[PDB]
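A.B. asks: After the structure tokens below, expect a handful of questions from me.
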Amino acid sequence: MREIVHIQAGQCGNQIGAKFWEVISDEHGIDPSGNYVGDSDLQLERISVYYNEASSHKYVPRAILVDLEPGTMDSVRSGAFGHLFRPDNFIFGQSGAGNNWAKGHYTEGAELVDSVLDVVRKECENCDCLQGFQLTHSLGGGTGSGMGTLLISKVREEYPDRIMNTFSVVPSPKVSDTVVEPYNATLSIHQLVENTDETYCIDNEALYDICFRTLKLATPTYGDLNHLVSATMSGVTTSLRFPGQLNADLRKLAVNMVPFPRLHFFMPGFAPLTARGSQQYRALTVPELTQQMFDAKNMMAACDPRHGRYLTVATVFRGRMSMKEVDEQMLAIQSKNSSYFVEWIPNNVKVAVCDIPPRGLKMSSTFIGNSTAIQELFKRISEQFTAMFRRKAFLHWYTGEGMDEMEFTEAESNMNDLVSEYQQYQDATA
Amino acid sequence: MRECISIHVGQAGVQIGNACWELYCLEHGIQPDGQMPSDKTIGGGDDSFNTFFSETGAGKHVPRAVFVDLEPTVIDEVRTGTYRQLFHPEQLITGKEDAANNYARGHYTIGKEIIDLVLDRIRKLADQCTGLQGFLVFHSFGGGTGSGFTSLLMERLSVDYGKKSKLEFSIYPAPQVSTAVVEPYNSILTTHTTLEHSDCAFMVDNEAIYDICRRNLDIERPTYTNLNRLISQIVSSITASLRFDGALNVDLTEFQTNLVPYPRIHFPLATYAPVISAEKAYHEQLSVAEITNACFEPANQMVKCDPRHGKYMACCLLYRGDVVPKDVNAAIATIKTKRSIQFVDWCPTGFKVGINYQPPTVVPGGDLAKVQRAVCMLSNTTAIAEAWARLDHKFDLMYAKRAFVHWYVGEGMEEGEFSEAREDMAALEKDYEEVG
Ligand SMILES: COc1ccc(C[C@@H]2NC(=O)/C=C\C[C@@H]([C@H](C)[C@H]3O[C@@H]3c3ccccc3)OC(=O)[C@H](CC(C)C)OC(=O)C(C)(C)CNC2=O)cc1Cl
Ligand SMILES: Nc1nc2c(ncn2[C@@H]2O[C@H](COP(=O)(O)OP(=O)(O)OP(=O)(O)O)[C@@H](O)[C@H]2O)c(=O)[nH]1
Ligand SMILES: Nc1nc2c(ncn2[C@@H]2O[C@H](COP(=O)(O)OP(=O)(O)O)[C@@H](O)[C@H]2O)c(=O)[nH]1
């Protein structure tokens, strides 16, 4: 395919995406020194998707990391595989990016959008053709939500043709020090719905819930959850990274997946839930993967899909596997759950098969759905926002920073209309 | 790397500043001849004590503060007190005639002819600064100089510097040491014209300080050296956060963020616990759990109001010496006994703690003695409406029959100002009462 440009925002983005780069780089078998270790061509069939050659025809990841809190550069260059990146895009701010919008959205950051467009165009010059973008960020704080929406709009202006994809992390009361989050989340998704092509709801509420109620870890840190999300988003990327029969692409994924012109929020899931292990593992086999793919406590959104409907479905299986067996159980799952799925698009539950095992697990898969259950998450966020908003709170910060009340009101109008749209498409008929 | 400027207005303000600056000397080991052996005597600083002392090439550590008085009766005393050599050649402000308990005289007649000099002094001091956070002004609601001139100063500052914040320390004057009867008009007329240019203001009630000194200090005659010393100790304890070194609550901006939800609600209430009686050598020992247990008692707060009737916003804390955060967590668990505690539904809760690894400093030859641990809870309660209601009762009584009104009208004020300020304070107390 054509090349992909990766964009990384804020502390959360930098950490999550650095771990993701590590995960796939191990998967594609590339050394920290850029040395080559892979033992087959099937590893480098789609290495050009991300990695670019060096002067020594040494493959280098192509990504950009953005933030304003200048303490992140050393965090980048202190990870295990951190020094992997080109010493040209470690461009950051110098005076902090306190979690206030219109500071990174209007006040500043808008002064460095020239810098970020300069760097992204500079490294897409070496890109023979452009496929799309990978913005990783979270919905809280300026560097993060505000910069992410600003970047999305800017590149949408400059590149109206290609695709625009992003990963969303929604901060939650369960693990959050600050409290100015719901304002950030709603102000973000308002830009996000109307300005991107597809987005992944990598939630924290469901993440914490499952990690504490089954994985039962004492202190969910930026280490554990970083590992979880890096693994899952690697699993999502595999389908493009691998050659598959369901030989899907970003534009193809949009066309196949996108049901409405404003409902492009996915629910990345993973069947074999995995903590920080040492040995190979305790063994898992096919029917276990079948069951745990679509359980109630394995996704990344605190919702039970049996209370809703799927617009579409998608999966990407891993490891040496019986394709006929897989098709048999999938046919049964689409047979024994007739009401579970929408009647608007038959032949929606698509399936693919991959070969390279995950670097640590034998037989796994990667669930990338598109449900009508996401209304629960959006309703949650909007309700907490308006609870913080019915009486003013810190809102003087925003108003004195540049917004007005009308922008907040219209953001809520847009979100509640979106929830109405999801409700409507969730209660269709024949 | 972040400068700070303070300023003293009025007799109460200048006396408090006198009582505070020598405490500030003591804390860092600064002495009227001190040199703080770890410095180069040429700007040796940029630590958290640089925010006040802009030390010169003479190794002097001159401060950043000026004192205001409409008629020299206390500013002279600091000019010829103890730390005489500690101030510049006539950097201070001296007048010729006080506002004499008349808000109007300082707000329209006298100060409106002296203010420009004060602003020139403030600007000239600020020029030597590089990274000023904001101002910390000391005044009182009692007289007309420390009140009318303060409100006028607020207007002038907000005109010339609106971006920067400016924390406030105020006194809610009490009948006990009442040196007038026209205080309530000044108080309403100052709180009404303070909001639009205020950001966060602390009131310390001379009723409360008087009660504390008479009860738990074994003093029956609280001069302006006893209550003054106690308030200086409280102020030093509260500002120690920015003063000594880095922890919770570094900056005035951070004060606002973690304290004030709603710009019409920005009067935080400060509580204390260690009230060491006197030179009494031996009573018993002390525990950190004990002092944090005591910091909830209504008798031990800087302003009289019983908070078992209302809800808190953000109950910060500070500590001196003997770190033990597990004991602090136990303290939170204990105070969770929900007998007299509350929080507000909308926003979650945080008991942010910052530790100073220096034992609290004490007045050497004063009514106290050195201890090892200290703590001060700045609970932004909703109960702070008691003071406003109490003062509103008296203002309404006096305005019933238009008493004393001429002494304000005949000086450059209109009759409608009183009514509109009363209505505005009514709106303010409504804004407190509705939260819940
Ligand atoms: C009702 O009173 C309350 C008071 C406090 C609390 C919890 C209290 N609150 C907050 O400030 C949370 C969001 C308000 C934003 C506001 C809305 C954004 O514009 C900010 C801004 C940033 C920089 C410059 C100018 C403006 O501020 C902050 O995030 C700042 C970060 C900066 C100052 C380092 O502080 C923190 O992040 C803290 C203090 C470490 C996070 N923690 C808390 O325990 C709860 C209640 Cl209910
Ligand atoms: N220093 C100090 N002042 C106090 C105390 N209690 C009350 N005051 C106030 O001290 C004030 C005297 O200073 P101002 O208010 O400026 O008096 P003024 O008449 O405006 O002008 P000056 O007397 O020249 O200062 C009165 O308003 C009292 O309410 C206390 O314990 N210490
Ligand atoms: N660093 C980090 N933050 C996360 C993660 N998952 C959720 N978050 C939340 O994302 C928010 C961090 O926002 P951030 O990007 O730091 O805003 P910034 O201060 O403007 O950079 C916090 O609410 C975190 O709780 C994670 O894996 N890593």
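The chains in the structure tokens are called A, B, ... from first to last as shown; in each chain the residues are counted from 1, and the ligands are counted from 1 in the order shown.
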Write out as JSON, numbers by chain each polymer residue (protein, DNA or RNA) that has an atom no more than 6 Å from ligand 1, with only C-alpha atoms and all ligand atoms counted.

C.D. replies: {"A": [98, 99, 100, 177, 178, 179, 180, 394, 397], "B": [254, 257, 258, 259, 260, 261, 313, 314, 347, 349, 350]}

A.B. asks: Apply DSSP to the backbone of this structure and, from range 75-232 of chain B, keep only the residues in helix (DSSP H, G or I); write these as a PyMOL selection string.

C.D. replies: chain B and resi 75-79+84-86+103-109+111-113+115-127+145-160+175-177+183-191+195-197+206-216+226-232

A.B. asks: Using atom 25 (O, counted along the ligand's line) of ligand 3 and CA of residue 206 in chain A as the two end points, give the distance in Å to one decimal.

C.D. replies: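 Between atom 25 (O, counted along the ligand's line) of ligand 3 and CA of residue 206 in chain A the gap is 13.2 Å.
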
A.B. asks: Return the neighbours of chain B among the residues of chain A, cut-off 12 Å, counting only C-alpha atoms, as an mmCIF file with N, CA and C atoms, in the first residue's frame.

C.D. replies:
```
data_model
loop_
_atom_site.group_PDB
_atom_site.id
_atom_site.type_symbol
_atom_site.label_atom_id
_atom_site.label_comp_id
_atom_site.auth_asym_id
_atom_site.auth_seq_id
_atom_site.Cartn_x
_atom_site.Cartn_y
_atom_site.Cartn_z
ATOM 1 N N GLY A 98 -0.851 23.125 30.545
ATOM 2 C CA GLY A 98 -1.873 22.883 31.548
ATOM 3 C C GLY A 98 -3.229 22.562 30.966
ATOM 4 N N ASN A 99 -3.949 21.630 31.585
ATOM 5 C CA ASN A 99 -5.056 20.993 30.888
ATOM 6 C C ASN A 99 -6.211 21.957 30.687
ATOM 7 N N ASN A 100 -5.981 22.945 29.829
ATOM 8 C CA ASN A 100 -6.948 23.968 29.476
ATOM 9 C C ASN A 100 -7.016 24.081 27.965
ATOM 10 N N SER A 172 -11.489 8.878 32.890
ATOM 11 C CA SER A 172 -12.606 8.447 33.713
ATOM 12 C C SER A 172 -12.389 8.840 35.165
ATOM 13 N N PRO A 173 -13.468 9.026 35.929
ATOM 14 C CA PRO A 173 -13.303 9.327 37.359
ATOM 15 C C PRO A 173 -12.533 8.264 38.101
ATOM 16 N N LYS A 174 -12.542 7.024 37.614
ATOM 17 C CA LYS A 174 -11.941 5.937 38.371
ATOM 18 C C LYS A 174 -10.437 6.122 38.514
ATOM 19 N N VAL A 175 -9.761 6.555 37.453
ATOM 20 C CA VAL A 175 -8.342 6.910 37.519
ATOM 21 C C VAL A 175 -8.155 8.251 36.810
ATOM 22 N N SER A 176 -8.206 9.333 37.583
ATOM 23 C CA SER A 176 -8.001 10.674 37.056
ATOM 24 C C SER A 176 -7.750 11.658 38.186
ATOM 25 N N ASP A 177 -6.596 12.318 38.172
ATOM 26 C CA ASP A 177 -6.299 13.293 39.214
ATOM 27 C C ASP A 177 -7.067 14.585 38.980
ATOM 28 N N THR A 178 -6.851 15.217 37.833
ATOM 29 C CA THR A 178 -7.586 16.416 37.479
ATOM 30 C C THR A 178 -9.068 16.098 37.313
ATOM 31 N N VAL A 179 -9.870 17.145 37.129
ATOM 32 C CA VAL A 179 -11.311 16.992 36.993
ATOM 33 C C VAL A 179 -11.881 17.808 35.845
ATOM 34 N N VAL A 180 -11.014 18.505 35.113
ATOM 35 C CA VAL A 180 -11.480 19.323 33.954
ATOM 36 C C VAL A 180 -11.649 18.406 32.743
ATOM 37 N N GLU A 181 -11.763 17.090 32.953
ATOM 38 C CA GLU A 181 -11.847 16.162 31.827
ATOM 39 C C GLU A 181 -13.139 16.283 31.037
ATOM 40 N N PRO A 182 -14.337 16.137 31.622
ATOM 41 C CA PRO A 182 -15.536 16.060 30.775
ATOM 42 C C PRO A 182 -15.673 17.223 29.813
ATOM 43 N N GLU A 383 -23.371 13.362 30.286
ATOM 44 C CA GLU A 383 -24.043 13.632 31.549
ATOM 45 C C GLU A 383 -23.077 14.197 32.575
ATOM 46 N N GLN A 384 -21.873 13.638 32.664
ATOM 47 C CA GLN A 384 -20.931 14.194 33.631
ATOM 48 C C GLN A 384 -20.525 15.612 33.248
ATOM 49 N N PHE A 385 -20.350 15.872 31.952
ATOM 50 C CA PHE A 385 -20.086 17.234 31.508
ATOM 51 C C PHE A 385 -21.169 18.184 31.995
ATOM 52 N N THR A 386 -22.432 17.858 31.720
ATOM 53 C CA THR A 386 -23.488 18.818 32.026
ATOM 54 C C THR A 386 -23.701 18.944 33.525
ATOM 55 N N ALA A 387 -23.384 17.896 34.289
ATOM 56 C CA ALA A 387 -23.386 18.033 35.740
ATOM 57 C C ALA A 387 -22.340 19.044 36.180
ATOM 58 N N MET A 388 -21.155 18.989 35.580
ATOM 59 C CA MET A 388 -20.147 20.002 35.861
ATOM 60 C C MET A 388 -20.531 21.370 35.305
ATOM 61 N N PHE A 389 -21.501 21.439 34.393
ATOM 62 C CA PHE A 389 -21.765 22.672 33.658
ATOM 63 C C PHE A 389 -23.033 23.405 34.082
ATOM 64 N N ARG A 390 -24.000 22.727 34.706
ATOM 65 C CA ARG A 390 -25.260 23.386 35.050
ATOM 66 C C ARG A 390 -25.012 24.617 35.906
ATOM 67 N N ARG A 391 -24.187 24.475 36.931
ATOM 68 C CA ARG A 391 -23.538 25.610 37.557
ATOM 69 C C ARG A 391 -22.144 25.726 36.967
ATOM 70 N N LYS A 392 -21.679 26.956 36.810
ATOM 71 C CA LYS A 392 -20.373 27.160 36.210
ATOM 72 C C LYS A 392 -19.325 26.475 37.076
ATOM 73 N N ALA A 393 -18.185 26.149 36.481
ATOM 74 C CA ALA A 393 -17.081 25.604 37.265
ATOM 75 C C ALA A 393 -15.815 25.745 36.438
ATOM 76 N N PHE A 394 -14.892 26.588 36.888
ATOM 77 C CA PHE A 394 -13.631 26.825 36.196
ATOM 78 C C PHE A 394 -13.879 27.363 34.798
ATOM 79 N N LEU A 395 -15.149 27.523 34.452
ATOM 80 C CA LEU A 395 -15.514 27.976 33.128
ATOM 81 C C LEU A 395 -14.999 29.375 32.868
ATOM 82 N N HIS A 396 -14.745 30.141 33.927
ATOM 83 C CA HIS A 396 -14.082 31.418 33.738
ATOM 84 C C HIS A 396 -12.756 31.230 33.034
ATOM 85 N N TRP A 397 -12.074 30.113 33.289
ATOM 86 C CA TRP A 397 -10.823 29.845 32.593
ATOM 87 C C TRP A 397 -11.043 29.819 31.093
ATOM 88 N N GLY A 400 -12.342 33.424 29.678
ATOM 89 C CA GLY A 400 -11.215 34.324 29.591
ATOM 90 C C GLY A 400 -10.124 33.826 28.677
ATOM 91 N N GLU A 401 -10.166 32.553 28.308
ATOM 92 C CA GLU A 401 -9.181 32.015 27.390
ATOM 93 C C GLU A 401 -9.621 32.116 25.933
#
```

A.B. asks: Between A:347, A:371, A:136, A:219, which has the minimum distance to ligand 3 (counting only C-alpha atoms and all ligand atoms)?

C.D. replies: A:136

A.B. asks: Residues contacting ligand 3 - anything with an atom at most 9 Å away, using only C-alpha atoms and all ligand atoms - can you give me those as a PyMOL selection string?

C.D. replies: chain A and resi 9-16+67-69+96-101+104+137-147+169-179+181+202-204+207+221-229

A.B. asks: Give me the residues near range 369-381 of chain B as an NGL selection string, where near means some atom within 9 Å (using only C-alpha atoms) and where sequence neighbours in that chain fewer than 4 positions away do not count.

C.D. replies: :B and (234 or 237-238 or 259-260 or 265-274 or 276-281 or 286-288 or 291-292 or 295-296 or 307 or 310-322 or 358-365 or 385)

A.B. asks: Any idea what's packed within 10 Å of residue 253 in chain B, counting only C-alpha atoms, ignoring anything in its chain fewer than 4 positions away? Could you give it as number ranges by chain?

C.D. replies: B: 133-134, 164-167, 199-200, 249, 257-259

A.B. asks: Give me, as a Markdown table, the closest atom pair and its distance (Å, one decimal) for every residue of chain B within a cut-off of 6 Å of ligand 2, counting only C-alpha atoms and all ligand atoms, rows sorted by chain and rising number.

C.D. replies:
```
| residue | atom | partner | partner_atom_place_in_ligand_line | distance |
| --- | --- | --- | --- | --- |
| B:10 | CA | ligand 2 | 16 (O) | 3.5 |
| B:11 | CA | ligand 2 | 25 (O) | 3.7 |
| B:12 | CA | ligand 2 | 1 (N) | 3.1 |
| B:15 | CA | ligand 2 | 1 (N) | 4.7 |
| B:16 | CA | ligand 2 | 1 (N) | 5.8 |
| B:69 | CA | ligand 2 | 24 (O) | 5.5 |
| B:70 | CA | ligand 2 | 24 (O) | 5.2 |
| B:71 | CA | ligand 2 | 24 (O) | 5.0 |
| B:98 | CA | ligand 2 | 24 (O) | 4.6 |
| B:99 | CA | ligand 2 | 20 (O) | 5.2 |
| B:100 | CA | ligand 2 | 19 (O) | 4.1 |
| B:101 | CA | ligand 2 | 19 (O) | 4.7 |
| B:142 | CA | ligand 2 | 27 (O) | 3.4 |
| B:143 | CA | ligand 2 | 15 (O) | 3.0 |
| B:144 | CA | ligand 2 | 20 (O) | 4.0 |
| B:145 | CA | ligand 2 | 20 (O) | 3.5 |
| B:146 | CA | ligand 2 | 16 (O) | 4.1 |
| B:173 | CA | ligand 2 | 29 (O) | 5.1 |
| B:177 | CA | ligand 2 | 6 (N) | 5.6 |
| B:178 | CA | ligand 2 | 29 (O) | 5.7 |
| B:179 | CA | ligand 2 | 28 (C) | 5.7 |
| B:206 | CA | ligand 2 | 6 (N) | 5.5 |
| B:224 | CA | ligand 2 | 32 (N) | 4.9 |
| B:227 | CA | ligand 2 | 31 (O) | 5.1 |
| B:228 | CA | ligand 2 | 32 (N) | 5.4 |
```

A.B. asks: Filtering to N, CA, C and O atoms, could you give me those residues as a compact mmCIF listing (two decimals), in the first residue's frame?

C.D. replies:
```
# COMPACT_ATOMS: atom_id res chain seq x y z
N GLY B 10 -2.66 50.64 55.47
CA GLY B 10 -3.38 50.84 56.71
C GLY B 10 -2.59 50.41 57.93
O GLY B 10 -1.59 49.71 57.84
N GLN B 11 -3.07 50.83 59.09
CA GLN B 11 -2.39 50.51 60.33
C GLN B 11 -2.38 49.01 60.58
O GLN B 11 -1.34 48.43 60.91
N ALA B 12 -3.53 48.35 60.39
CA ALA B 12 -3.58 46.91 60.57
C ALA B 12 -2.65 46.21 59.60
O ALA B 12 -1.90 45.30 59.98
N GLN B 15 1.05 46.79 60.58
CA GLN B 15 1.40 46.05 61.79
C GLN B 15 1.52 44.56 61.51
O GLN B 15 2.46 43.90 61.98
N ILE B 16 0.60 44.00 60.73
CA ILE B 16 0.71 42.60 60.36
C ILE B 16 1.99 42.36 59.57
O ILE B 16 2.70 41.38 59.79
N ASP B 69 0.11 54.28 54.65
CA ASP B 69 -0.61 54.85 55.82
C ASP B 69 -0.94 56.31 55.50
O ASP B 69 -0.02 57.03 55.06
N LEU B 70 -2.19 56.73 55.71
CA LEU B 70 -2.60 58.11 55.32
C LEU B 70 -2.02 59.15 56.28
O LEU B 70 -1.98 60.33 55.90
N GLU B 71 -1.58 58.74 57.48
CA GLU B 71 -0.97 59.65 58.42
C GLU B 71 0.06 58.85 59.22
O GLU B 71 -0.30 57.84 59.83
N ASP B 98 -5.45 60.88 57.91
CA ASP B 98 -6.13 59.62 57.67
C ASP B 98 -7.53 59.85 57.12
O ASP B 98 -8.09 60.94 57.21
N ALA B 99 -8.09 58.79 56.54
CA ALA B 99 -9.47 58.84 56.08
C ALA B 99 -10.46 58.87 57.23
O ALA B 99 -11.63 59.18 57.01
N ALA B 100 -10.00 58.55 58.44
CA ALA B 100 -10.81 58.67 59.64
C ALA B 100 -12.12 57.92 59.51
O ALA B 100 -13.20 58.50 59.46
N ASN B 101 -12.01 56.60 59.40
CA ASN B 101 -13.15 55.69 59.40
C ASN B 101 -14.12 55.98 58.27
O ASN B 101 -15.25 55.47 58.28
N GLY B 142 -12.10 47.33 58.43
CA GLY B 142 -12.50 48.24 59.48
C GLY B 142 -12.45 49.72 59.13
O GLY B 142 -13.49 50.39 59.10
N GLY B 143 -11.25 50.26 58.90
CA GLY B 143 -11.12 51.71 58.67
C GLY B 143 -11.45 52.12 57.24
O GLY B 143 -11.92 51.26 56.48
N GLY B 144 -11.23 53.40 56.91
CA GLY B 144 -11.50 53.89 55.54
C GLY B 144 -10.24 53.89 54.70
O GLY B 144 -10.37 53.82 53.46
N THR B 145 -9.07 53.98 55.33
CA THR B 145 -7.78 53.92 54.59
C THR B 145 -7.54 52.48 54.13
O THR B 145 -7.37 52.27 52.91
N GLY B 146 -7.55 51.53 55.07
CA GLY B 146 -7.29 50.12 54.72
C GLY B 146 -8.44 49.50 53.95
O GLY B 146 -8.40 48.27 53.74
N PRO B 173 -13.57 42.95 61.00
CA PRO B 173 -13.37 43.56 62.32
C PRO B 173 -14.48 43.18 63.29
O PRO B 173 -15.63 42.98 62.92
N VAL B 177 -12.56 44.86 69.52
CA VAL B 177 -11.47 45.81 69.35
C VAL B 177 -11.96 46.84 68.34
O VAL B 177 -11.21 47.36 67.52
N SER B 178 -13.26 47.13 68.39
CA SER B 178 -13.88 48.05 67.44
C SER B 178 -13.42 49.47 67.73
O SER B 178 -13.85 50.08 68.72
N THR B 179 -12.58 50.03 66.85
CA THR B 179 -12.15 51.42 66.96
C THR B 179 -13.00 52.36 66.12
O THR B 179 -12.51 53.40 65.66
N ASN B 206 -10.62 39.31 63.71
CA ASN B 206 -10.10 39.67 65.02
C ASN B 206 -10.99 39.16 66.14
O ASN B 206 -10.51 39.02 67.27
N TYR B 224 -2.13 45.10 70.27
CA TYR B 224 -1.73 44.91 68.88
C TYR B 224 -0.34 44.35 68.74
O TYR B 224 0.29 44.54 67.69
N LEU B 227 -2.32 39.62 69.29
CA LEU B 227 -3.10 39.21 68.12
C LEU B 227 -2.28 39.37 66.85
O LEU B 227 -2.36 38.55 65.93
N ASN B 228 -1.47 40.42 66.80
CA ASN B 228 -0.63 40.68 65.64
C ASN B 228 0.37 39.55 65.43
O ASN B 228 0.54 39.06 64.31
```

A.B. asks: I need the residue nearest residue 80 in chain A from this list: A:164, A:18, A:47, A:110. Use only C-alpha atoms for the distance.

C.D. replies: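 Residue with the minimum atom-to-atom distance to residue 80 in chain A: A:18.
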
A.B. asks: Between CA of residue 120 in chain A and CA of residue 102 in chain A, what distance in Å does the model show, to one decimal?

C.D. replies: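 Between these atoms lies a distance of 22.7 Å.
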
A.B. asks: I'd like the contact shell of residue 311 in chain A - 8 Å cut-off, only C-alpha atoms, skipping same-chain residues fewer than 3 positions apart - returned as number ranges by chain.

C.D. replies: A: 259, 341-342, 345, 370-372

A.B. asks: Could you write out that same residue set with C-alpha atoms as a PDB file, in the first residue's frame?

C.D. replies:
```
ATOM      1  CA  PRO A 259     -22.397   2.576   8.495  1.00  0.00           C
ATOM      2  CA  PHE A 341     -27.143  -8.330  14.691  1.00  0.00           C
ATOM      3  CA  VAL A 342     -28.702  -5.696  12.474  1.00  0.00           C
ATOM      4  CA  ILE A 345     -26.559  -5.486   6.096  1.00  0.00           C
ATOM      5  CA  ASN A 370     -18.950  -1.116  15.423  1.00  0.00           C
ATOM      6  CA  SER A 371     -21.883  -1.325  17.819  1.00  0.00           C
ATOM      7  CA  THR A 372     -24.896   0.667  18.889  1.00  0.00           C
TER       8      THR A 372
END
```
